[PDB]
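**Q** When you line the first sequence up against the deposited numbering, it's residues 2 to 153, 161 to 432, in that order.
Take this structure, written in structure tokens, and hold onto it; I'll ask about it next.
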Amino acid sequence: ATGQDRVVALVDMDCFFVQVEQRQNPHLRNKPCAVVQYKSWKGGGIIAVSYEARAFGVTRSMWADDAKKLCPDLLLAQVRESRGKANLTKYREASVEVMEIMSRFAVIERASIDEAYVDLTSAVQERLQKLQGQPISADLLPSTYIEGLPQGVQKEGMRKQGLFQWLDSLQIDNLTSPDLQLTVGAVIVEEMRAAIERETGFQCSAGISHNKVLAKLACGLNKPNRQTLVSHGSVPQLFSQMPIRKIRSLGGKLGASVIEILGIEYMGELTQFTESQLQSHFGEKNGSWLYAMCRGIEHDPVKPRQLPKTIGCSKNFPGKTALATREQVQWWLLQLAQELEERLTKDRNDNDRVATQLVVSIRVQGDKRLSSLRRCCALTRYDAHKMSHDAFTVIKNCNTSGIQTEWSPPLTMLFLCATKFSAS
DNA sequence: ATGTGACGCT
DNA sequence: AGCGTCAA
Ligand SMILES: Nc1ccn([C@H]2C[C@H](O)[C@@H](COP(=O)(O)NP(=O)(O)OP(=O)(O)O)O2)c(=O)n1
Ligand SMILES: [Mg+2]
Ligand SMILES: [Mg+2]
């Protein structure tokens, strides 16, 4: 069993927030530029970076003042602020544009604001019947790389050489061949990406493979504005020098313990271990997942879900801005509640659903965790004053200050999240 | 002083 | 229900 039953694609917009700002402001197009939030602390935090600016070393999570040292001509678009908070509505609305287009071709799993997985298995079957044994020509794959080819001068010439080798070895006599299915999947993803660019102006990259992990890895191989086919046969060479941390979900603690417990570096080294061995170190599910994954096999389905299942709104209060008075906490809980309410009302009108749970999270000064404490409470009315009052009720117990007006220990984050949606 | 969404574990 | 991880 080779895990070649499905055709899965991962479409990811290139430097998404930048492209959103570049569409709106033509003077930013074809320039080193980045998107920044809050200009007051070190010129603001960089949150997205055009490929021209990336060539100078500018990255996400950099302060704009430091980015300017690397790239003095860097152009910056600023995130909208509302009620004292960075507001991401323009990017969420642009996300909805691209997802609705992708949804025309197949069912999609929203994986982030700027990417979706798509199960193309059925669409490939139908497209194979319309083709009626007719070969696939290179003109149908004008931006596709075949990973690991060519084998046996300039960028575009080698892409074509690899594509030509792939298409000349293709056995179209068989409508069940997985390589043919992947190839037809890639013809559809070219049309998908052309529709996105035509109808939004936004460019994106894609990976095409047999499962989600390989599709996502494939997408990043030839960014920007290109797509990549990772076939089952290409996995052994691909994985033989692929660091473990590059595989989705292995970029943190679990991947680091794989490396340390097993004494290995690359994904292909995992194949020498039995399934039971991997389960002993990493548990039954992780072990089974690793045993199949290092062979290019994974079964996680593309879930039919185009909409987020939580709706969240948070604000950081770093260092000396931390909230230390009762009245401060109440004012910022109401600012957040008002943003959440307008987001929730729009969600109900657009998507015919209502959240029923409100989760209230806070961070306390001196805690290195994301959240210091989470408490849930009922969400009955999209009313910001009631939501903020309710949110305060369930956290006022955390004020350990003897004086009534002060708040201690001081709060470095407030986080409101509406969840548990039901039809409406 | 980086600044919200999906999921597994218990 | 409350927490931790990974990321996007
Ligand atoms: N930590 C992060 C990751 C992403 N984002 C936002 C900004 C991104 O433009 C957008 C999509 O994230 P992304 O796909 O990981 N990278 P981006 O689309 O900017 O560039 P590519 O590397 O995908 O071409 O989500 C963020 O604000 N904070
Ligand atoms: Mg992207
Ligand atoms: Mg992305």
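Cβ coordinates follow ideal geometry from the N, Cα and C atoms, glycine included.
1) Taking 6 Å as the limit, name every residue whose beta carbon sits nearer than that to some heavy atom of ligand 3, in sequence order.
2) Where DSSP assigns a beta bridge to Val12, which residues make up the other side?
3) Is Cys406 near ligand 4, in the sense that its beta carbon is under 7 Å from a heavy atom of that ligand?
4) Here's the rule: buried if 16 or more other CB atoms are within 10 angstroms of the residue's CB, otherwise exposed. What is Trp340?
5) Where does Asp181 land, buried or exposed, given buried means 16+ other C-beta within 10 angstroms?
6) By alpha-carbon positions, which one of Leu270, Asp176, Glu199 and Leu262 ends up nearest to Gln235?
7) Using only the heavy atoms of ligand 2, determine whether one of them is closer than 7 Å to the beta carbon of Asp15.
8) In or out: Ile255 buried (at least 16 other Cβ within 10 Å) or exposed?
9) With DSSP as the reference, identify every bridge partner of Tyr146, one or two as the case may be.
10) Given a threshold of 16 other Cβ atoms within 10 Å of its Cβ, counted over all protein chains shown, does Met395 qualify as buried or as exposed?
11) Go ahead and pull the three-state DSSP assignment for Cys72.
12) So which of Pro244, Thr388 and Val9 has the shortest CA-CA distance to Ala117?
13) Excluding sequence positions up to five away, which residues of its chain have a Cβ less than 8 Å from the Cβ of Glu148?
14) Please confirm whether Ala426 and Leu378 have their CB atoms less than 8 Å apart.
15) Confirm, please, whether the CB-CB distance from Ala392 to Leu342 is below 8 Å.
16) Which of the three DSSP states is assigned to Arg105 in this structure?
17) Whose C-beta lies closer than 8 Å to the C-beta of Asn31 among residues of the same chain, with five residues either side of it excluded?
18) Between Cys212, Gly374 and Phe400, which lies nearest to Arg383 when the distance is taken from Cα to Cα?
19) How far does the beta strand (DSSP E) with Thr427 in it extend, from its first residue to its last?
**A** Let me lay it out:
1) For ligand 3, the residues with a Cβ under 6 Å from any of its heavy atoms are, in chain order, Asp13, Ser113, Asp115 and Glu116.
2) Paired residue(s): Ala117 and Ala214.
3) As presented, the structure is devoid of ligand 4, carrying ligand 1, ligand 2 and ligand 3 as its sole ligands.
4) Residue environment for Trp340: buried (at least 16 other C-beta atoms within 10 angstroms of its C-beta).
5) By the neighbour-count rule (16 or more Cβ atoms within 10 Å), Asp181 is not buried but exposed.
6) Relative to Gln235, the option among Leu270, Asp176, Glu199 and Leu262 whose CA is nearest is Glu199.
7) Yes, Cβ of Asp15 sits closer than 7 Å to a heavy atom of ligand 2.
8) The residue in question, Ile255, is buried, as its Cβ has 16 or more Cβ neighbours within 10 Å.
9) Secondary-structure assignment with DSSP links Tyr146 through a beta bridge to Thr236.
10) It counts as buried.
11) If DSSP states are grouped into helix, strand and coil, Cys72 belongs with coil.
12) For the set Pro244, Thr388 and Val9, the Cα lying nearest the Cα of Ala117 is the one of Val9.
13) Answer for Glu148: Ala226, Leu229, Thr236, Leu237, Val238, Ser239, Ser242 and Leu246, listed in chain order.
14) Not in contact: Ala426 and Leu378 (Cβ atoms no closer than 8 Å).
15) Result yes, Cβ atoms of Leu342 and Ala392 sit closer than 8 Å.
16) Coil, per DSSP.
17) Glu53.
18) For the set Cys212, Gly374 and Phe400, the Cα lying nearest the Cα of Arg383 is the one of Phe400.
19) Counting along the chain, the beta strand (DSSP E) containing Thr427 begins and ends at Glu414 to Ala431.
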